[PDB]
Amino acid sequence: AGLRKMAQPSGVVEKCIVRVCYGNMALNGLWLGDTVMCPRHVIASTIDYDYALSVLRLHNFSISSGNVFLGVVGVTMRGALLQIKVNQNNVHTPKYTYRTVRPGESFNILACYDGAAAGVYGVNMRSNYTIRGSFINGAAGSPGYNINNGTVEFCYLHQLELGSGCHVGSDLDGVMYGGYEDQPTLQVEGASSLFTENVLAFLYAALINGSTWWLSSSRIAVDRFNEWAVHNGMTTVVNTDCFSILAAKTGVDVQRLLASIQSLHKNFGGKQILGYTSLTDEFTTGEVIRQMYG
């Protein structure tokens, strides 16, 4: 019993963190094979990154794994990332792939400072392509990852924090999530809506754990709900086949949960669900099934 937002164990990723220094800047890099990936603002003093790269000296880099410094062979631009070729292979390079996460999907953050893992926590990509993380200065280059059948899927390298204190990164191809810029210019996060399919997953977890106080007797069709959703800070429901086993185990269909979601909006906060805010959207269907059943 219970439902907790977890991180997958971080050990395999911990061995891929390096500290990347250049002049006055320091941040974290991801060392895989003979390549170190880091955010390209490590070489900035708006910013013209091609010029910054054109005036750059390789010998000005300081890249270290622990107290071991790596020799820097070359650098290439890779969207909002630098791809830095080093003179050594990370012997602890795991089997890995790159994947770009989509809004609503969960992954793990390994919060790093000075090339060392400091904390690990699970997150969920929001509708406005930001995450509710916890980062302070020096965190840039912290990797986001998912562990899938022995393969590490890297999906996120931390880039920056917006005025509202929410967080932005790029994927491992150097594409910024949401298209935010890696500039000191002021940008505002777009509107963020609660990811409804995840709230649906959470409510099923709650039922499975014996929480029913909030359960509506009414029902509402998916598309009628989606029309309400867009005017009420919630995303549309698009996928429902993944709830089949949850609906089967509980005897409660999605239309009934959608009605419950509407009622929970009207007395919002008047009671917790499993100790959580009633309309929690950080849990995906996969996470709930894994945690309830294995």
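Numbering starts at 1 and follows the sequence shown.
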Problem - Gap size, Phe61 back to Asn60 (deposited sequence, no coordinates) - result: none
Exercise for the section: With reference to the PDB entry, specify whether the mean Cα temperature factor is higher for 199-207 or for 91-99. Expected result: 91-99
Problem - Stretch exceeding the other in mean C-alpha B-factor - 158-166, 140-148 - result: 158-166
Practice task
Using the temperature factors in the entry, find which of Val86, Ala111, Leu172, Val123 has the highest value at its Cα atom.
Solution key: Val86
Problem - Of the residues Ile261, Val42, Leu53, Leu32, the one carrying the largest Cα B-factor as recorded - result: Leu53
Exercise for the section: Rank-wise, by C-alpha B-factor, drop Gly104 into the lowest, middle or highest third of its chain. Expected result: lowest
Handout entry: Assigned third (lowest, middle, highest) for the C-alpha B factor of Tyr22
Key = highest
Exercise for the section: Compare the C-alpha B factor of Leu3 with those of the other modelled residues in its chain, then answer lowest, middle or highest third. Expected result: lowest
Exercise for the section: Comparing against every modelled residue in the chain, figure out the third that the C-alpha B-factor of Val75 lands in (lowest, middle or highest). Expected result: highest
Completion exercise
Chain thirds by Cα B factor, record data; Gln272 belongs to the highest
